[PDB]
Each structure stands twice: as C-alpha cells, then as structure tokens.
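Scroll down for the structure; my scribbles are underneath it.
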Amino acid sequence: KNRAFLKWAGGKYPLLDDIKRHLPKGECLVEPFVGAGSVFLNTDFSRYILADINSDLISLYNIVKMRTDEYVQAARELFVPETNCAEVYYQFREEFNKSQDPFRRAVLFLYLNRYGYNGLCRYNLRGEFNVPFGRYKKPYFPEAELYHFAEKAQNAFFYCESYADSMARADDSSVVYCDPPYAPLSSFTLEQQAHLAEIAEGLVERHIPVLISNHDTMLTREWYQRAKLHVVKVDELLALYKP
DNA sequence: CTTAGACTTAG
DNA sequence: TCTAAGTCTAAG
Ligand SMILES: C[S@@+](CC[C@H](N)C(=O)[O-])C[C@H]1O[C@@H](n2cnc3c(N)ncnc32)[C@H](O)[C@@H]1O
C-alpha cells in the first residue's frame, strides 16, 4: 500500500481495501475531496480528476507534479535536525505566510505539515497558517512517497474548487469517489453534507456511479438513503450510488 | 483541547 | 455611548 507524503487528517489508509472493493470500474476517477490522495495513490484508473477547496494543497500538488526533482532537493534541505526547534519553525511559518512564491510556499508547506502539531492545516481569517510547533523527535522526509506521487500524477489534473464544480466534471466514463469532512458523532455544514448526497443522486441517473464514505450515524443513513449502504466495523459507512 | 483577547449587543 | 453578557477569534 502506497502511503501519502502528507500527514493529513482522515487518511483513508485503514479502509482502502473496503473502498476498493466497492469502487466501480471506469476510465476516470473523480475525487471532489482529494485530501492526501490515499485512494488516488492505490488505484489504477487511466486518468484522474482531483479537486479540493484548499488552494495551498492543490498548488503543492501541481508543483510536485511539474517540478519533481527541483522540489525534492529543495524540500529535503528543510528536514535536518537544525530545523527541529520552535524558533526556526515559527520563522518558517512566517516566511510561508509572507511568501508570494508558489514553489517556496509548496516547499515550506511540506515542512509545516511534518513539523507542526499533528499534521493540522489551520488558517486565521486573514488566510494565515497558524498551527503551533509539533515537538516531534524526528520528522520523516517522505522522499519515496513524493516521487511515487509525481509519477502517478502524470495522469491526473488538479483543480482548486468546491465539490459541486468538480462533480460536474464527471461524464459517463467517470467514477466519483467522495471523502467528505466527517459528519458529527452522535466547517462543513449539515446542509453541505445533505447537498452532496443530492448531487450524487443527480449523477447516478446520468449513469455515473458515485461512492461516498462517512461515519455511520443516523444522519448519514438518512442523507444516503437512495444508495446501497455498506457498513465497515472496526464504524464507517460506504454509500454506493450505482446505475 | 484550552485560554486569552476583542468586538457586538441587549438592557 | 454605561456595563456586562454574549459571541467571535487567534493561537499555543
Ligand atoms: C481529508 S477529506 C476528509 C477526511 C476525513 N473524512 C476527515 O474529515 O477527517 C477533507 C478534505 O476536503 C476538503 N474540503 C473541505 N471542504 C470542501 C468543499 N466544500 N469542497 C471541496 N473540498 C472540500 C478539505 O480541504 C480537506 O482536505
């Protein structure tokens, strides 16, 4: 199983097998919430349409794809013991927030993801990244994962946009996999959760299969009632809209 | 998760 | 615009 190079909230690593078991065959895989890209990195579609509302994430992905060798060499320099301290971290954070250069920002973004607290990505209303120092003994430099990503990215387009716009990119040859922000246990509003479900319904009647994962709650069962539900116990829910 | 600082609003 | 409750927000 190919691991992602970012430490990202909600890694689909433990559930890959269950996702891949219910993911229909197609020419193209569309992911409105690509995040770290676990499913992308562990499937074999001829092409991918990958999207996310986080512009730093999408920008990072475009650069890793287009300037791999240059990026890896520059990012590797930041993963030395000399950078594993608060003062250095907070300066790199300030450099990130003040940089107007996508490359340098992409470089620093990997550093902050790995050295900051628990791989969080938080912004203030001014758009400034304000995650505190993570206090790790030895952050890991995901070189092997970076190279694998760029290689696999040659068949992927990246778009910064909301789920409604990326799902509209789907066609008869497409399969849609949705990994929305988690529903509440018994940000991403309840309206948007429900709205996502009705878009899936719209796609399944245009003969476009859609797979959605989320927590297994009373709310998710209601939003996804038009779909064939599958429960994964450890509890996760897979909602399959198949023509 | 937690605390601090600040702004908005009812009374 | 008093005063304090109410709400929002930033960041370790
Ligand atoms: C990582 S997936 C969900 C993983 C897991 N379910 C969790 O919440 O921990 C969430 C991703 O969707 C993206 N996202 C949030 N809102 C979005 C929206 N309205 N449209 C498209 N992408 C969005 C975020 O950037 C985030 O990276």
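Because only heavy atoms are used, hydrogens play no part in the values below, and waters and symmetry mates are left out as well, while side chains stay in. In what follows, every chain begins at residue 1, and chains take the letters A, B, ... in the order their sequences are listed.
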Only Watson-Crick and G-U wobble pairs with both distances less than 3.5 Å should count. Give DNA chain C in dot-bracket notation, marking inter-strand partners with |.
.|||||||||||

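- In this structure, A:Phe79 and A:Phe141 have tilted ring planes: the angle between them lies in the 30° to 60° band.
- Below 30°, between 30° and 60°, or above 60°: for A:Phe33 and A:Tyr163 the angle between ring planes is below 30°, a parallel geometry.
- By the neighbour-count criterion of 12 heavy atoms within 6.0 Å, atom CD of A:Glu128 is densely surrounded, having more than that number from other residues, nucleotides or ligands.
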N/O contacts under 3.5 Å, protein versus nucleotides 8-11 of chain C?
| from | atom 1 | to | atom 2 | distance (Å) |
| --- | --- | --- | --- | --- |
| C:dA10 | OP1 | A:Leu125 | N | 2.7 |
| C:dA11 | OP2 | A:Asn124 | ND2 | 3.0 |
| C:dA11 | OP2 | A:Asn130 | ND2 | 2.9 |
| C:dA11 | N7 | A:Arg122 | NH1 | 3.4 |

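- Pairs passing the salt bridge (charged side-chain N to carboxylate O under 4.0 Å, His left out) check and including a residue from residues 190-204 of chain A, sequence neighbours excluded, do not occur.
- Not a single side-chain hydrogen bond (donor to acceptor under 3.5 Å, both in side chains) links A:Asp52 to another residue, sequence neighbours left out.
- Under a cut-off of 6.0 angstrom, the local environment of OH in A:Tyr117 is sparse, with at most 12 non-hydrogen atoms contributed by other residues, nucleotides or ligands.
- A cation-pi contact, defined as under 6.0 Å to the ring centre and within 45° of the axis, links A:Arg169 to A:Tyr159.
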Report, one pair per line, the protein and nucleotides 2-6 of chain B atoms (nitrogen or oxygen only) whose separation is under 3.5 Å.
none

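- One side chain, A:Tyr48 or A:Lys152, offers a donor N or O that lies under 3.5 Å from an acceptor on the other.
- Under the 30°/60° scheme for interplanar angles, the aromatic rings of A:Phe158 and A:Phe149 are found to lie parallel.
- Here A:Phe92 pairs with A:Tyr111 under the ring pair (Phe, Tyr, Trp, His ring centres under 6.0 Å) rule; sequence neighbours left out.
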